[PDB]
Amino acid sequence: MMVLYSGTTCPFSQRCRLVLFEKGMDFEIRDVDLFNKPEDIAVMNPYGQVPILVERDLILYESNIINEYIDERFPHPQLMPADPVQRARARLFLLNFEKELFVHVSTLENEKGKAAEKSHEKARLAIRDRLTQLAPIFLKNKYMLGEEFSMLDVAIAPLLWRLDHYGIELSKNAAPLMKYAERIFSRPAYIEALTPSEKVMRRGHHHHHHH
């Protein structure tokens, strides 16, 4: 019985929720209010961040560490490729996502106040530029690795969900990336892993994916 400490609107936590729902596991999600962070969070994770996975005497944090652990323990569906060559390639993509995309997500989530407005706009522009570079991939490819859903889709989906929430506008040539986003958002495990608060981030001009 794994317990996941999950921020209600935390994109990193959403990665871990999505993995758990995709795998249909026995788990308990403990909702954490990041506006009022309990002290146990910093006891379990010296960096004081969610998500955190607790299973017996095991405590993991960092969403990609947690998800790699879960994928090895419960490989159905297999989210990291089983072939070693393709797995290394995928791990390198995940690493580049963290450096080129999710450091800016962290900026948008963590830096606060009028002093952060400049860094937020830099973060929005960097994300826009990099996402636009990814877009041509999704003309030929259903998901990041082709036909099969993978950890790459898991890792990036919470950012694609939040483009409107973050005030990030893409030019029209990024249309394939948004068709890909909707392919992820239509997945039944994605629909179920969304928190009620995350559902409210969906822009007012677009309907919700349903079963």
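From 1 onward, residues are counted along the sequence shown.
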note = Once average C-alpha B-factors are taken from the entry for 117-125 and 133-141, the winner is 117-125
message = Tell me which stretch has the larger mean Cα B-factor in this entry, 95-103 or 108-116.
response = 108-116
query = So among 31, 62, 153, 68, who wins on Cα B-factor in the entry?
reply = 31
query = In this PDB entry, which of 38, 176, 51, 158 has the top CA B-factor?
reply = 38
key: residue 182 - which third its CA temperature factor falls in, relative to the rest of the chain   = lowest
inquiry  = Based on the deposited C-alpha B factors for this chain, I'd like to know if residue 84 is in the lowest, middle or highest third.
reply    = highest
query = If you rank every modelled residue in this chain by C-alpha B factor, which third holds residue 166: lowest, middle or highest?
reply = middle
request  = Determine, from the deposited record, the chain-internal third of the Cα B-factor for residue 149: lowest, middle or highest.
outcome  = lowest
query = Within this chain, which third does the Cα B-factor at residue 200 fall in: lowest, middle or highest?
reply = middle
